[PDB]
Amino acid sequence: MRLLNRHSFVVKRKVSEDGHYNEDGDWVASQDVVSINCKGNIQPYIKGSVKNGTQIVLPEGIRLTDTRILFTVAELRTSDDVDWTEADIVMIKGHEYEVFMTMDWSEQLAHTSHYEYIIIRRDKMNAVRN
Amino acid sequence: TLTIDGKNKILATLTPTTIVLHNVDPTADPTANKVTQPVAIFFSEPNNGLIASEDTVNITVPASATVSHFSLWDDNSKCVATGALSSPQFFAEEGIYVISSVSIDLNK
Amino acid sequence: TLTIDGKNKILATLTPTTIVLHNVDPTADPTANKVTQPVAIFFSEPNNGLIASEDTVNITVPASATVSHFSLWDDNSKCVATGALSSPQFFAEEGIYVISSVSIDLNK
Amino acid sequence: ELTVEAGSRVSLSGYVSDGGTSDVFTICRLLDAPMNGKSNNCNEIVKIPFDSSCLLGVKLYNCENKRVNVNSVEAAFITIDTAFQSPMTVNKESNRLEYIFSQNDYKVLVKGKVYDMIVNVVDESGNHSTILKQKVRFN
């Protein structure tokens, strides 16, 4: 019973890596997004500044943010400006997450090679298309 | 009072064809501050001085848009009528507003 | 004091079947002020010394009547329990009084 | 030199006609129903108090992940395993498929058994489809 596959989530990958800038000037993300279940371990990230499940009392309201670490064997990507990659979205309890920062232990050992990801909850924002 | 036969004949030239939703009241200017795109609405034949929509109409409203008032148009871009829907609606994500029944009537 | 097993066998013999409404308290005479007509009422099996009806009872109250009391009647046609209505209801016109829940019990 | 006593108590409640459709309210159970198929883990056991009368709340999520109205479906059937089969209520107003349990249903049930709740919906084109397969325990 590997702990590396305890939790099971759904990842949205922008498979059709297009991500072009329209003639007007705005950003048009990939039109084709697929959602396939993966497996991994999601744990709170405890390191100094990083805040987990912390409500921030702004003079505009109360915003909530969190940062979890993700141990998994899947090769989730992150937004890259050279290969025109556009990150991966993890889901916990419905809320969308983003894979900022990556550690790549892919080849090192035999039965223990794994990726470590830092997933961050996406802030609430009004959505406009382009 | 006016005659129903007259009321039927007078209403046979309106023929609205497209419907457009506005966030603000278009009475002052029905040519401004549009939200959706012109979507076809087909009306019935004049009966008892009251025309009605034949089939339901689905208008795709973009995201972060509000619809509060509606307007009808004809082939030559001439706003025959304006009105207000039941209540304002805010579509956070891209949604659809369905028109269940439009009944232009003159029978007071 | 009685036991639960003792009380359950007691209530297994009531079987009230008809209910009639009164304007003043029957107590002394259950044959007076028979405002309504006996209408069937169904009870349940005793549970911890308590019986409850299964469904609402629609009593056809005649017009110009003020219903304020209540008294059960079994198959033997001999009243076994009397109670108030908790509020005097005056049906100025012909109405339909409805009972939501009856409960006869001996838990003190 | 010994005497045991007792007492009586009778209660009533009326809601004088009003020509309505009563005000029936007794339940807390409302269930999910994704049409695409839902952490799998182990499904939880819905617990209805034996006796009483619960109102099963089934919410039709369309098959991307969105609530959908109770449309197309013209017949809905609750078919708790080897107990009974009764039609449900397609509620336009609350936009839910609901069913209330009565005393008659409990005459064919036993307190404690973990039955399976299977919900079938039939559209206009006569296509039976299983929506839910939750397990219920009447404790």
# chains A, B, ... in the order shown; residues from 1 in each chain; ligands from 1
call {"tool": "residues_around", "arguments": {"residues": "residue 7 in chain B", "least_positions_apart": "2", "cutoff": "10 Å", "atoms": "only C-alpha atoms", "output": "list in words"}}
result
residues 2, 3, 4, 5, 9, 10, 11, 12, 46, 47, 48, 49, 50, 105, 106 and 107 of chain B
call {"tool": "closest_atom_pairs", "arguments": {"of": "chain A", "to": "chain B", "cutoff": "7 Å", "atoms": "only C-alpha atoms", "output": "JSON lines"}}
result
{"residue": "A:126", "atom": "CA", "partner": "B:64", "partner_atom": "CA", "distance": 6.5}
{"residue": "A:127", "atom": "CA", "partner": "B:63", "partner_atom": "CA", "distance": 6.2}
{"residue": "A:128", "atom": "CA", "partner": "B:63", "partner_atom": "CA", "distance": 5.4}
{"residue": "A:129", "atom": "CA", "partner": "B:63", "partner_atom": "CA", "distance": 6.8}
call {"tool": "calpha_fit_rmsd", "arguments": {"fixed": "chain B", "moving": "chain C"}}
result
0.7 Å
call {"tool": "residues_around", "arguments": {"residues": "residue 19 in chain D", "least_positions_apart": "6", "cutoff": "12 Å", "atoms": "only C-alpha atoms", "output": "VMD selection string"}}
result
chain C and resid 58 95 to 98
call {"tool": "atom_distance", "arguments": {"atom1": "CA of residue 60 in chain C", "atom2": "CA of residue 83 in chain C"}}
result
18.8 Å
call {"tool": "closest_atom_pairs", "arguments": {"of": "chain A", "to": "chain D", "cutoff": "8 Å", "atoms": "only C-alpha atoms", "output": "CSV"}}
result
residue,atom,partner,partner_atom,distance
A:7,CA,D:39,CA,6.3
A:8,CA,D:39,CA,5.0
A:9,CA,D:39,CA,6.5
call {"tool": "write_last_selection", "arguments": {"atoms": "N, CA and C atoms", "output": "PDB file, in the first residue's frame"}}
result
ATOM      1  N   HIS A   7      -4.122   9.710  -2.041  1.00  0.00           N
ATOM      2  CA  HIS A   7      -5.180  10.567  -2.551  1.00  0.00           C
ATOM      3  C   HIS A   7      -5.299  10.436  -4.065  1.00  0.00           C
ATOM      4  N   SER A   8      -6.484  10.761  -4.572  1.00  0.00           N
ATOM      5  CA  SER A   8      -6.755  10.737  -6.003  1.00  0.00           C
ATOM      6  C   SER A   8      -7.473  12.023  -6.376  1.00  0.00           C
ATOM      7  N   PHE A   9      -6.916  12.754  -7.332  1.00  0.00           N
ATOM      8  CA  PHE A   9      -7.465  14.021  -7.784  1.00  0.00           C
ATOM      9  C   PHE A   9      -7.637  13.999  -9.298  1.00  0.00           C
TER      10      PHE A   9
END
call {"tool": "residues_around", "arguments": {"residues": "residue 89 in chain C", "least_positions_apart": "2", "cutoff": "8 Å", "atoms": "only C-alpha atoms", "output": "list in words"}}
result
residues 66, 67, 68, 87 and 91 of chain C; 16 of chain D
call {"tool": "select_by_dssp", "arguments": {"residues": "chain C", "states": "strand (DSSP E or B)", "output": "PyMOL selection string"}}
result
chain C and resi 16-22+39-40+50-52+57-61+65-74+79-91+95-99+103-105
call {"tool": "interface_residues", "arguments": {"of": "chain D", "to": "chain C", "cutoff": "7 Å", "atoms": "only C-alpha atoms", "output": "VMD selection string"}}
result
chain D and resid 4 to 17
call {"tool": "write_last_selection", "arguments": {"atoms": "N, CA, C and O atoms", "output": "mmCIF file, in the first residue's frame"}}
result
data_model
loop_
_atom_site.group_PDB
_atom_site.id
_atom_site.type_symbol
_atom_site.label_atom_id
_atom_site.label_comp_id
_atom_site.auth_asym_id
_atom_site.auth_seq_id
_atom_site.Cartn_x
_atom_site.Cartn_y
_atom_site.Cartn_z
ATOM 1 N N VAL D 4 -51.397 1.681 43.460
ATOM 2 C CA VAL D 4 -50.640 2.277 42.368
ATOM 3 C C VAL D 4 -51.576 3.062 41.460
ATOM 4 O O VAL D 4 -52.650 2.578 41.089
ATOM 5 N N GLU D 5 -51.162 4.271 41.104
ATOM 6 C CA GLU D 5 -51.978 5.198 40.334
ATOM 7 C C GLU D 5 -51.370 5.410 38.951
ATOM 8 O O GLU D 5 -50.302 4.888 38.625
ATOM 9 N N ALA D 6 -52.074 6.192 38.135
ATOM 10 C CA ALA D 6 -51.604 6.552 36.804
ATOM 11 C C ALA D 6 -52.265 7.847 36.354
ATOM 12 O O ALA D 6 -52.898 8.536 37.160
ATOM 13 N N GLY D 7 -52.134 8.187 35.080
ATOM 14 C CA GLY D 7 -52.691 9.433 34.589
ATOM 15 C C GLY D 7 -52.939 9.353 33.099
ATOM 16 O O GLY D 7 -52.641 8.346 32.447
ATOM 17 N N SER D 8 -53.496 10.438 32.573
ATOM 18 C CA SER D 8 -53.820 10.551 31.161
ATOM 19 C C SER D 8 -53.440 11.929 30.633
ATOM 20 O O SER D 8 -53.406 12.917 31.370
ATOM 21 N N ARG D 9 -53.204 11.932 29.328
ATOM 22 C CA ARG D 9 -52.839 13.192 28.662
ATOM 23 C C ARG D 9 -53.272 13.019 27.216
ATOM 24 O O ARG D 9 -53.037 11.939 26.644
ATOM 25 N N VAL D 10 -53.941 14.023 26.687
ATOM 26 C CA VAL D 10 -54.366 14.021 25.292
ATOM 27 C C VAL D 10 -53.986 15.356 24.667
ATOM 28 O O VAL D 10 -54.097 16.411 25.304
ATOM 29 N N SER D 11 -53.514 15.312 23.424
ATOM 30 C CA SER D 11 -53.091 16.513 22.722
ATOM 31 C C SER D 11 -53.689 16.525 21.324
ATOM 32 O O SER D 11 -53.966 15.468 20.751
ATOM 33 N N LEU D 12 -53.891 17.722 20.787
ATOM 34 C CA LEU D 12 -54.476 17.925 19.469
ATOM 35 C C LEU D 12 -53.747 19.048 18.737
ATOM 36 O O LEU D 12 -53.044 19.864 19.338
ATOM 37 N N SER D 13 -53.927 19.082 17.417
ATOM 38 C CA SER D 13 -53.363 20.140 16.587
ATOM 39 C C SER D 13 -54.118 20.248 15.269
ATOM 40 O O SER D 13 -54.228 19.267 14.527
ATOM 41 N N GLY D 14 -54.645 21.437 14.971
ATOM 42 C CA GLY D 14 -55.355 21.690 13.742
ATOM 43 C C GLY D 14 -54.839 22.919 13.008
ATOM 44 O O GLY D 14 -54.333 23.874 13.592
ATOM 45 N N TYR D 15 -54.985 22.870 11.684
ATOM 46 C CA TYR D 15 -54.566 23.965 10.818
ATOM 47 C C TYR D 15 -55.648 24.312 9.802
ATOM 48 O O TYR D 15 -55.373 24.453 8.606
ATOM 49 N N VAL D 16 -56.877 24.457 10.308
ATOM 50 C CA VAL D 16 -58.109 24.851 9.617
ATOM 51 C C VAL D 16 -57.961 25.059 8.113
ATOM 52 O O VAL D 16 -57.764 26.186 7.647
ATOM 53 N N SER D 17 -58.029 23.965 7.353
ATOM 54 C CA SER D 17 -58.262 24.015 5.913
ATOM 55 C C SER D 17 -57.254 24.870 5.156
ATOM 56 O O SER D 17 -56.179 24.391 4.784
#
call {"tool": "residues_around", "arguments": {"residues": "residue 24 in chain D", "least_positions_apart": "4", "cutoff": "12 Å", "atoms": "only C-alpha atoms", "output": "ChimeraX atom specification"}}
result
/C:55-56,100 /D:20,53-55,100
call {"tool": "residues_around", "arguments": {"residues": "range 91-108 of chain A", "least_positions_apart": "4", "cutoff": "9 Å", "atoms": "only C-alpha atoms", "output": "PyMOL selection string"}}
result
chain A and resi 9-12+73+75-79+87+112-123
call {"tool": "atom_distance", "arguments": {"atom1": "CA of residue 82 in chain A", "atom2": "CA of residue 125 in chain A"}}
result
27.1 Å
call {"tool": "decode", "arguments": {"residues": "range 67-86 of chain A", "atoms": "N, CA, C and O atoms", "output": "PDB file, in the first residue's frame"}}
result
ATOM      1  N   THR A  67      -1.259  26.575   0.564  1.00  0.00           N
ATOM      2  CA  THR A  67      -0.193  26.011  -0.258  1.00  0.00           C
ATOM      3  C   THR A  67       0.075  24.589   0.207  1.00  0.00           C
ATOM      4  O   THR A  67       0.496  24.375   1.348  1.00  0.00           O
ATOM      5  N   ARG A  68      -0.159  23.620  -0.670  1.00  0.00           N
ATOM      6  CA  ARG A  68       0.079  22.220  -0.366  1.00  0.00           C
ATOM      7  C   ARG A  68       1.199  21.676  -1.239  1.00  0.00           C
ATOM      8  O   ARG A  68       1.369  22.083  -2.391  1.00  0.00           O
ATOM      9  N   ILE A  69       1.964  20.749  -0.678  1.00  0.00           N
ATOM     10  CA  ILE A  69       2.981  20.015  -1.422  1.00  0.00           C
ATOM     11  C   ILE A  69       2.343  18.745  -1.954  1.00  0.00           C
ATOM     12  O   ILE A  69       1.405  18.207  -1.353  1.00  0.00           O
ATOM     13  N   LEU A  70       2.823  18.278  -3.101  1.00  0.00           N
ATOM     14  CA  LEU A  70       2.219  17.145  -3.793  1.00  0.00           C
ATOM     15  C   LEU A  70       3.321  16.173  -4.202  1.00  0.00           C
ATOM     16  O   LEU A  70       4.154  16.492  -5.055  1.00  0.00           O
ATOM     17  N   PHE A  71       3.325  14.993  -3.592  1.00  0.00           N
ATOM     18  CA  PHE A  71       4.228  13.928  -4.005  1.00  0.00           C
ATOM     19  C   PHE A  71       3.488  12.994  -4.951  1.00  0.00           C
ATOM     20  O   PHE A  71       2.446  12.437  -4.593  1.00  0.00           O
ATOM     21  N   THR A  72       4.020  12.826  -6.158  1.00  0.00           N
ATOM     22  CA  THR A  72       3.378  11.984  -7.152  1.00  0.00           C
ATOM     23  C   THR A  72       4.412  11.524  -8.165  1.00  0.00           C
ATOM     24  O   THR A  72       5.517  12.064  -8.246  1.00  0.00           O
ATOM     25  N   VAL A  73       4.035  10.506  -8.938  1.00  0.00           N
ATOM     26  CA  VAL A  73       4.895   9.962  -9.979  1.00  0.00           C
ATOM     27  C   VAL A  73       4.534  10.516 -11.354  1.00  0.00           C
ATOM     28  O   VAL A  73       5.299  10.349 -12.309  1.00  0.00           O
ATOM     29  N   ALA A  74       3.408  11.225 -11.419  1.00  0.00           N
ATOM     30  CA  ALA A  74       2.967  11.811 -12.700  1.00  0.00           C
ATOM     31  C   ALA A  74       3.866  12.985 -13.061  1.00  0.00           C
ATOM     32  O   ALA A  74       4.360  13.673 -12.158  1.00  0.00           O
ATOM     33  N   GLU A  75       4.057  13.215 -14.353  1.00  0.00           N
ATOM     34  CA  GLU A  75       4.887  14.352 -14.800  1.00  0.00           C
ATOM     35  C   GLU A  75       3.981  15.561 -15.025  1.00  0.00           C
ATOM     36  O   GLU A  75       3.727  15.904 -16.187  1.00  0.00           O
ATOM     37  N   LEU A  76       3.495  16.168 -13.950  1.00  0.00           N
ATOM     38  CA  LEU A  76       2.707  17.410 -14.127  1.00  0.00           C
ATOM     39  C   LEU A  76       3.679  18.533 -14.507  1.00  0.00           C
ATOM     40  O   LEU A  76       4.784  18.561 -13.944  1.00  0.00           O
ATOM     41  N   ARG A  77       3.288  19.409 -15.426  1.00  0.00           N
ATOM     42  CA  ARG A  77       4.118  20.493 -15.931  1.00  0.00           C
ATOM     43  C   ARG A  77       3.777  21.790 -15.207  1.00  0.00           C
ATOM     44  O   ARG A  77       2.838  21.863 -14.412  1.00  0.00           O
ATOM     45  N   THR A  78       4.562  22.823 -15.496  1.00  0.00           N
ATOM     46  CA  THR A  78       4.312  24.166 -14.999  1.00  0.00           C
ATOM     47  C   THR A  78       4.488  25.140 -16.153  1.00  0.00           C
ATOM     48  O   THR A  78       5.150  24.819 -17.143  1.00  0.00           O
ATOM     49  N   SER A  79       3.871  26.314 -16.033  1.00  0.00           N
ATOM     50  CA  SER A  79       3.923  27.315 -17.090  1.00  0.00           C
ATOM     51  C   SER A  79       5.363  27.654 -17.443  1.00  0.00           C
ATOM     52  O   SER A  79       6.132  28.119 -16.599  1.00  0.00           O
ATOM     53  N   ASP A  80       5.724  27.410 -18.700  1.00  0.00           N
ATOM     54  CA  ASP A  80       7.084  27.595 -19.187  1.00  0.00           C
ATOM     55  C   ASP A  80       7.034  28.460 -20.437  1.00  0.00           C
ATOM     56  O   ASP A  80       6.181  28.253 -21.305  1.00  0.00           O
ATOM     57  N   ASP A  81       7.953  29.417 -20.531  1.00  0.00           N
ATOM     58  CA  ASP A  81       7.955  30.389 -21.616  1.00  0.00           C
ATOM     59  C   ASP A  81       8.816  29.974 -22.802  1.00  0.00           C
ATOM     60  O   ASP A  81       8.897  30.725 -23.776  1.00  0.00           O
ATOM     61  N   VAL A  82       9.461  28.812 -22.746  1.00  0.00           N
ATOM     62  CA  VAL A  82      10.263  28.335 -23.863  1.00  0.00           C
ATOM     63  C   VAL A  82       9.565  27.252 -24.673  1.00  0.00           C
ATOM     64  O   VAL A  82       9.596  27.310 -25.912  1.00  0.00           O
ATOM     65  N   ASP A  83       8.935  26.270 -24.033  1.00  0.00           N
ATOM     66  CA  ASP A  83       8.189  25.231 -24.729  1.00  0.00           C
ATOM     67  C   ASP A  83       6.710  25.569 -24.855  1.00  0.00           C
ATOM     68  O   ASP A  83       5.931  24.735 -25.329  1.00  0.00           O
ATOM     69  N   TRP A  84       6.310  26.766 -24.435  1.00  0.00           N
ATOM     70  CA  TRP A  84       4.930  27.233 -24.530  1.00  0.00           C
ATOM     71  C   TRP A  84       3.980  26.319 -23.762  1.00  0.00           C
ATOM     72  O   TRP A  84       2.839  26.080 -24.160  1.00  0.00           O
ATOM     73  N   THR A  85       4.469  25.800 -22.637  1.00  0.00           N
ATOM     74  CA  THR A  85       3.630  25.021 -21.735  1.00  0.00           C
ATOM     75  C   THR A  85       2.775  25.957 -20.893  1.00  0.00           C
ATOM     76  O   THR A  85       3.118  27.131 -20.729  1.00  0.00           O
ATOM     77  N   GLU A  86       1.661  25.459 -20.354  1.00  0.00           N
ATOM     78  CA  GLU A  86       0.733  26.325 -19.635  1.00  0.00           C
ATOM     79  C   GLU A  86       0.273  25.723 -18.313  1.00  0.00           C
ATOM     80  O   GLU A  86      -0.919  25.768 -17.994  1.00  0.00           O
TER      81      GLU A  86
END
